[PDB]
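Novice:
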Amino acid sequence: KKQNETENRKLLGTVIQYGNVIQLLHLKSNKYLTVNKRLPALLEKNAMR
Amino acid sequence: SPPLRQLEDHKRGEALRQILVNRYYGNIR
Amino acid sequence: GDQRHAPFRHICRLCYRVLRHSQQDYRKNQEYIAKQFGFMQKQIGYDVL
Amino acid sequence: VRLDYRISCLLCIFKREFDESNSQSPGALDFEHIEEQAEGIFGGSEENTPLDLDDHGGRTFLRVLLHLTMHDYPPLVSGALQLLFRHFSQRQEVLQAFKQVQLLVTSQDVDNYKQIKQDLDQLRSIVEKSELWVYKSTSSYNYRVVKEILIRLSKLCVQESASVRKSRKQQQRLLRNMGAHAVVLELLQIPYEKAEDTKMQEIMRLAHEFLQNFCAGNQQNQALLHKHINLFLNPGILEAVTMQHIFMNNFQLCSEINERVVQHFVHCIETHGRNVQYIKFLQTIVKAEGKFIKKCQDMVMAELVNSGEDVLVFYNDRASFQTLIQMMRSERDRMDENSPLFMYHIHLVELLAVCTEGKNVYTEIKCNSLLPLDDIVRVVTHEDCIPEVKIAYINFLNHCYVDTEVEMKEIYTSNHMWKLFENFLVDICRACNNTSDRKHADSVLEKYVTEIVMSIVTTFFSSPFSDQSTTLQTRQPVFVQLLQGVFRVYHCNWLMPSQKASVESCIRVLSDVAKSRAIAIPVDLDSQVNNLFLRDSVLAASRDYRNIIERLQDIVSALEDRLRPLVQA
Amino acid sequence: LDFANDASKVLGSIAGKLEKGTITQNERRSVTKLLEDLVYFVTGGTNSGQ
């Protein structure tokens, strides 16, 4: 966790290019946006959660 | 003993190789 | 006391736990809760904590 | 041509050697003499051979082949050196020549083999080129051809009777030898898409059906598909059905399963919801060939306990009880839903009943904890309880609270079991009334009454302590009415010999209980109970052929073992 | 503050549904985990399996 925070601080400000891998953090909840591949969606059958 | 059978197989293979070499190259002195 | 109401007992126990945690070492919360003393007397002896 | 001639000669020697053993049968052969006769044809004895192509030991042939290589014509060079490598490797290639063969005499079998030979070849060709025509016209032609291939394979290896799934053992083993699974498996795991393709789904379903047919009743096919279990661990319905079908009546497989399968199915239940197929698979795996595995029951109980109430859905509270009451009415008639709602609950309770069987204390304690006897009696006593509920519910009650290593005294002192007996009498009367209409008889209720209703009573009364309970002394008329109802069921003319034997044994148990308690049974009942108490050569050739197959397998193993030094030389 | 507002809203909804006895098992799970989260929230600690 400490290493994650260190690299997050160090890499801050760099430009995002297409094909990069990113995470979305919801500021209101301080929770990341995740997709679960082992779980189906609520109102849709053959989607993911 | 398994070493005895291994030696028998090794000598059989060596004899086969020698006779095949003799057949192919021929009598060369 | 039946086995069929174990989750209900759990819910009531959790409610009384949050009540006790909320009233601890605080004057205003204790004053607020004490108004419901007449309500919360008659539930003693049912193992609802 | 020379290779085929060598194969023919060795097969002739092999059959000549077994000619003596055919009359001899005690049965063992002289492998050393056969090996010595076989090893002579290959050469290496230094007297040349007619099979030699130059009468000089191959010196001229070798000289020619090497001299056909330094030319600047690349096809010539390739052909020459391929001929070299084929020349130096004659004995081993003859060995793989044996490692392929097949076909004994019988009937149309002759043209069935020809029909099935090229079907697998074209299936392999289409699978290899599947990526070319897959959607990311040739496509429709490939679709129809593979559909016909799978249909033919399914309907050629199965002896389709009227209503019994009969499989031809010879056809199953012939398909095993050909290697049908070795292509169908790769057909299963081709890359495709699921959003916009449906004919692919039909082909996939046909492939699953054919695999289930290939393992229908054959132990060897199930054992061989057991190596590719890791490919079938999917939350899909078809994979679950296939794993069920390859595990039916397989005790040794069920005894040798890691916890990965059961844990994966429990997690599938937790994630993709409660489905009937998973519970049916658990029913199949827990008990096999009429024998229950203690380790299987222990691991499935640990799995369900770890899962918790997410999987174990119980309608115990009155709030859920009323929902169950109104949901039964929708469950009425032939309304299965084949997945959700109440049949899942039914299959779960048969699962618990089967897992509790065997006087397993570990399972019995958990089943007792999960469902109280008060809930059981409140469920059964309701008029809404249909026989579909009653069969499994009473089966679980009997299997958990009677057939126990450690007995519980609550079911020996309560008075609700007499209400249970009254309900059983009501069901017996309903069955007797239904006897008047054989054309539209309620078969489910009749089977319930004939088997379970007397089975629970017999299991309860078999214990010597049941007679010691003096609670029946005030309810003797109830006991005699129950005996009269059981005998009236015995009066029915639609009794299966299994059902008839069960009813007779239960009548005997009730009579023994009455004798022990000195109960004055009715004169007519006593009198009627006393009156009641008062292929030859073809099969041999086939077996000899199986022996021949095994013995030639041992023989070719022996030749490979003794030729590995010669091959390396 | 927002967590407190949301917890109050969901607790009120659960109470309204429970005073008529028309709740389901998933709602019971939700309210139980909500109450556990409330315990850990007021106490200031974090869940550790205890």
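Residue numbers (full-length UniProt numbering), protein chains in the order written: chain X, 100 to 148; chain R, 1721 to 1749; chain Z, 542 to 590; chain U, 984 to 1008, 1025 to 1135, 1167 to 1564, 1587 to 1621; chain P, 443 to 492.
Even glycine gets a Cβ: it sits at the ideal position worked out from N, Cα and C.
I want to know whether the stretch 1326-1343 of chain U touches the stretch 1385-1394 of chain U - three or more CB-CB distances under 8 Å.
Specialist: The answer is yes - the stretch 1385-1394 of chain U touches the stretch 1326-1343 of chain U, with three or more Cβ pairs under 8 Å.
Novice: Can you tell me whether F1084 of chain U is buried or exposed, with buried defined as 16 or more other CB within 10 angstroms of its CB?
Specialist: The residue in question, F1084 of chain U, is exposed, as its Cβ has fewer than 16 Cβ neighbours within 10 Å.
Novice: Should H1032 of chain U and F1060 of chain U be called a contact, given that it needs their Cβ atoms to be closer than 8 Å?
Specialist: No, the pair does not count as a contact, with Cβ atoms beyond the cut-off.
Novice: Once DSSP output is grouped into helix, strand and coil, what is the label at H125 of chain X?
Specialist: The answer is strand: DSSP assigns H125 of chain X an E or B state.
Novice: Do we get a CB-CB distance below 8 Å when we pair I585 of chain Z with the residues of chain P?
Specialist: With 8 Å as the cut-off, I585 of chain Z does not count as an interface residue toward chain P.
Novice: Using a cut-off of 7 Å between C-beta atoms, extract the partners of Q544 of chain Z located in chain U.
Specialist: Those within 7 Å of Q544 of chain Z in chain U are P1402.
Novice: Would you say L1119 of chain U and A1210 of chain U are within 8 Å of each other, going by their C-beta atoms?
Specialist: A contact, by the Cβ cut-off of 8 Å.
Novice: Taking Cβ positions, are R985 of chain U and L1618 of chain U nearer each other than 8 Å?
Specialist: No; because the gap between Cβ atoms is not below 8 Å, this pair is not in contact.
Novice: By the criterion of Cβ-Cβ separation under 7 Å, what are the contact partners of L138 of chain X in chain U?
Specialist: Under the 7 Å cutoff, chain U gives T1301.
Novice: Counting only runs of 4+ residues fully inside the stretch 1039-1083 of chain U, write out the alpha helix (DSSP H) ranges in chain order.
Specialist: Fully enclosed alpha helix (DSSP H) runs of 4 or longer: 1058-1066.
Novice: Of the choices U:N1368, U:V1214, U:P1494 and U:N1425, whose alpha-carbon is the least far from that of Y1442 of chain U?
Specialist: If we check each option's Cα against that of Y1442 of chain U, U:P1494 comes out closest.
Novice: Please check if any C-beta of chain U sits within less than 8 Å of the C-beta of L1727 of chain R.
Specialist: Chain U contact via Cβ: absent.
Novice: Within the chosen definition, does the stretch 1448-1457 of chain U reach the stretch 1398-1411 of chain U through at least 3 CB pairs nearer than 8 Å?
Specialist: Touching, yes, given that three or more Cβ pairs across the two stretches are closer than 8 Å.
Novice: Tell me the rounded alpha-carbon separation between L123 of chain X and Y131 of chain X.
Specialist: Straight-line Cα distance between these residues: approximately 6 Å.
Novice: Is there a Cβ of chain Z sitting closer than 8 Å to that of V473 of chain P, yes or no?
Specialist: Closer than 8 Å: yes.
Novice: As an exercise, report each continuous alpha helix (DSSP H) stretch of at least 4 residues that is fully enclosed by the stretch 1453-1510 of chain U, in chain order.
Specialist: Fully enclosed alpha helix (DSSP H) runs of 4 or longer: 1473-1478, 1484-1492 and 1494-1498.
Novice: Less than 8 Å between CB atoms is the rule here; does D1347 of chain U satisfy it with respect to chain Z?
Specialist: Cβ-Cβ to chain Z under 8 Å: yes for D1347 of chain U.
Novice: Would a check of beta-carbon distances place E469 of chain P closer than 8 Å to chain Z?
Specialist: For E469 of chain P, the answer is no, since every Cβ of chain Z falls outside 8 Å of its Cβ.
Novice: What does a CB cutoff of less than 8 Å around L460 of chain P pick up in its chain, not counting 5 residues either side in sequence?
Specialist: If we look at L460 of chain P and ignore the five residues flanking it on each side, it has no Cβ neighbours.
Novice: Would a check of beta-carbon distances place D1340 of chain U closer than 8 Å to chain Z?
Specialist: No, its Cβ sits nowhere closer than 8 Å to a Cβ of chain Z.
Novice: Between the Cα of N1599 of chain U and the Cα atoms of U:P1025, U:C992, U:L993 and U:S991, which residue gives the shortest distance?
Specialist: Nearest of U:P1025, U:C992, U:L993 and U:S991 to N1599 of chain U, Cα basis: U:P1025.
Novice: Report the CB separation of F1277 of chain U from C1284 of chain U in whole angstroms; it is logged as a contact under 8 Å.
Specialist: About 7 Å; that satisfies the 8 Å criterion.
Novice: Give the DSSP-derived three-state secondary structure of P1723 of chain R in the structure shown.
Specialist: Reduced to three states, the DSSP call for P1723 of chain R is helix.
Novice: If you draw a straight line from the alpha carbon of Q1558 of chain U to that of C1385 of chain U, how long is it in whole angstroms?
Specialist: In a straight line, the C-alpha of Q1558 of chain U is about 39 Å away from that of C1385 of chain U.
Novice: Name the one or two DSSP bridge partners that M147 of chain X has.
Specialist: X:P139.
Novice: For the alpha helix (DSSP H) that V1432 of chain U lies in, which residues bound it at each end?
Specialist: Looking at the DSSP string, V1432 of chain U is not in any alpha helix (DSSP H), and its letter there is neither H nor E.
Novice: At 9 Å on the CB atoms, spell out the chain C contacts of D1457 of chain U, in chain order.
Specialist: Protein chains in the displayed structure are X, R, Z, U and P, and chain C is not among them.
Novice: Thinking C-alpha only, which one of U:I1537, U:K1310, U:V1543 and U:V1213 is nearest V1519 of chain U?
Specialist: Nearest option by C-alpha distance: U:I1537.
Novice: Please report how far the alpha carbon of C1430 of chain U lies from the alpha carbon of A1383 of chain U, in whole angstroms.
Specialist: Distance between the alpha carbons of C1430 of chain U and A1383 of chain U: 7 Å.
Novice: With a threshold of 16 other CB atoms inside 10 Å of the CB of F578 of chain Z, please say whether the residue is buried or exposed.
Specialist: Per the 10 Å Cβ criterion, exposed.
Novice: Quick check on the burial criterion: 16 or more other C-beta atoms within 10 angstroms. Buried or exposed for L1217 of chain U?
Specialist: Its Cβ being crowded by 16 or more others within 10 Å, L1217 of chain U is buried.
Novice: Give me the residue from U:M1484, U:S1170 and U:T1228 with the minimum Cα distance to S1535 of chain U.
Specialist: Nearest of U:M1484, U:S1170 and U:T1228 to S1535 of chain U, Cα basis: U:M1484.
Novice: In whole angstroms, what separates the C-alpha of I1233 of chain U from that of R1182 of chain U?
Specialist: Using only the alpha carbons, I get a separation of about 13 Å.
Novice: CB of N1172 of chain U to nearest heavy atom of the ligand ADP: below 7 Å?
Specialist: The ligand ADP is not part of the structure shown, which contains no ligands of any sort.
Novice: Do the stretch 1255-1273 of chain U and the stretch 1188-1204 of chain U touch if we need at least three Cβ pairs shorter than 8 Å?
Specialist: Result no; under three Cβ-Cβ pairs closer than 8 Å.
Novice: Taking C-beta to C-beta, are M1273 of chain U and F1311 of chain U nearer than 8 Å?
Specialist: Cβ distance < 8 Å, so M1273 of chain U and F1311 of chain U count as in contact.
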